[PDB]
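Here is the structure we will look at, set down as structure tokens.
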Amino acid sequence: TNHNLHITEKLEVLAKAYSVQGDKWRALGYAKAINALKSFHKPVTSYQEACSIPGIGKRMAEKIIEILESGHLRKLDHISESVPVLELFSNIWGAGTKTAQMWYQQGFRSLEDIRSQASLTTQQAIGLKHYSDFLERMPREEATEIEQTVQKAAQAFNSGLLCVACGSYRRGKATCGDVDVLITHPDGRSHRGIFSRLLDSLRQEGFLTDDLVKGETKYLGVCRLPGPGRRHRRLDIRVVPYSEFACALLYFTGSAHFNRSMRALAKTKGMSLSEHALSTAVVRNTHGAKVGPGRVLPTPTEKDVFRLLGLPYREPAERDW
DNA sequence: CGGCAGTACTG
DNA sequence: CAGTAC
DNA sequence: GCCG
Ligand SMILES: Cc1cn([C@H]2C[C@H](O)[C@@H](COP(=O)(O)OP(=O)(O)OP(=O)(O)O)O2)c(=O)[nH]c1=O
Ligand SMILES: [Ca+2]
Ligand code: NA
Ligand code: NA
């Protein structure tokens, strides 16, 4: 639950304004502060109580106080008039802040302008054609149907293939922004040849409607279940070796902020965590950049990753931040 | 002062 | 590479 | 934006 809604509702506006305008680090600080404020027990009442929470500094506490005594945040009144347009433009899949800012500088103000005059990448044209659909979340039951469709298509090639939807779905959420399907095989090797033939099977069946990204082990695209009343949905599919399964599962399950916290912690302990592996004895320079590789640590299960980092295990539902 | 996660596709 | 995305 |  959140007992600081009257504060966070105002902060989210500012954080989004900073995000679409490209000030990503300031936005990150706002996001983190907003999460910290949602994850609390008591409505904040003092500048001193505010600064005590992790993720809240003097500036953010000043803002919270201006909120408690006045009910309003003056800074909301000086957001640039371009921000709603930038948000509109960057909600196109494949367009971000830089593209939105360029479109805005060219004088474009609406999606009709984009459709008729803008130069679009292949991805951005798919994103525009599904603009409304991609802003919607689906019921988890539909995510289940999409996962089962992928699983049944994959297990037709090799019965031994394991398929797991990993994302807000695995974290137990009632709705899902897209479906994240991780595929492996405990053999350790048969996963190698199935990916392209799987995608051919799904697009031959009419399930896949558009491709966004096509790597050797990574796919991002668009699907739609058959029959009436169905929307187009974003679908991400990864195929990983069994030895990397635990770390791929952890990454793909998220949340994103959870992953960043876990990876930041690993960095403090001279380790490095990615979707491939947890590594130890990684040599870095004075800027936190990697100059030497280190060695992979055995992580047969998600619990092993937590254990090697000195943390208590957190269930997927407990990984929202 | 200066990092803020680590990776992968596109063109 | 810069931009964008998971 | 925050924080070491
Ligand atoms: C966006 C993003 C995702 N991820 C990881 C964590 C996510 O659980 C996983 C899938 O990405 P998403 O599908 O974007 O994450 P989600 O499932 O939580 O969002 P939604 O419910 O709206 O569909 O990828 C990152 O590590 N970093 C990122 O920036
Ligand atoms: Ca998802
Ligand atoms: Na604090
Ligand atoms: Na976008």
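Both backbone and side-chain heavy atoms feed into the values below; hydrogens, waters and symmetry mates do not. Here is the naming used below: chain letters follow the sequence lines, and residue numbers restart at 1 for every chain.
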Aromatic A:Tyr169 / basic A:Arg140 pairing, under 6.0 angstrom, 45° off normal
yes
May I ask you to check if A:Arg314 and A:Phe306 form a cation-pi contact, with NZ or CZ under 6.0 angstrom from the six-membered ring centre and within 45° of the axis?
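Geometry flag: not set, cation outside 6.0 Å or 45°.
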Whole angstrom value for the distance that separates [atom2] of [N] from [atom1] of [X]:
X: A:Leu235; N: C:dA5; atom1: CG; atom2: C1'; result: 15 Å
X: A:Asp236; N: C:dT4; atom1: CG; atom2: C1'; result: 14 Å
X: A:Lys98; N: C:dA5; atom1: NZ; atom2: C1'; result: 16 Å
X: A:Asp23; N: D:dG1; atom1: CG; atom2: P; result: 9 Å
X: A:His257; N: C:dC6; atom1: NE2; atom2: P; result: 14 Å
X: A:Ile64; N: D:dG1; atom1: CD1; atom2: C1'; result: 11 Å
X: A:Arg171; N: C:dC6; atom1: CZ; atom2: P; result: 14 Å
X: A:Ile92; N: C:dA5; atom1: CD1; atom2: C1'; result: 15 Å

What pucker do you get for B:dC1 when you go by the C1'-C2'-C3'-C4' torsion?
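It is south, as the sign of the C1'-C2'-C3'-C4' dihedral turns out negative.
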Between A:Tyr131 and A:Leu88 (side chain of the first, backbone of the second, donor and acceptor by atom type, cut-off under 3.5 Å), is there such a pair?
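Judged by distance alone, yes, a pair lies under 3.5 Å.
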Counting only N and O atoms by type, is there a donor-acceptor contact under 3.5 Å from the side chain of A:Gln123 to the main-chain atoms of A:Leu212?
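Yes, the answer is positive, given that a donor and an acceptor are paired below the 3.5 Å cut-off.
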Would you say A:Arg238 and A:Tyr251 are linked by a side-chain donor-acceptor pair, where the criterion is simply a distance under 3.5 Å?
yes
Just checking, any donor-acceptor pair under 3.5 angstrom between side chains of A:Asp210 and A:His130?
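Judged by distance alone, the side chains do pair up.
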Output, in order, the C-alpha distance, side-chain angles, deciding distance and verdict of ring-ring contact (aromatic ring centres under 6.0 Å, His included) for A:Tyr18 and A:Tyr30.
CA-CA 9 Å; A:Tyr18 284 124; A:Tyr30 271 85; 5.2 Å; yes
Report, as a single string ordered 5' to 3', how protein heavy atoms within less than 4.0 Å touch nucleotides 4-11 of chain B: B base, S sugar-phosphate only, - not at all.
BBBSSSS-
Mind checking the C1' distance from C:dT4 to B:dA5? Whole angstroms is fine.
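Pairwise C1' distance, C:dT4 against B:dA5, rounds to 16 Å.
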For A:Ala27, which contact category applies under a 4.0 Å heavy-atom criterion: base, sugar-phosphate, or nothing?
nothing
Opposite nucleotide pairing with C:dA5, Watson-Crick or G-U, both atom distances under 3.5 Å:
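Per the H-bond distance test, B:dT7.
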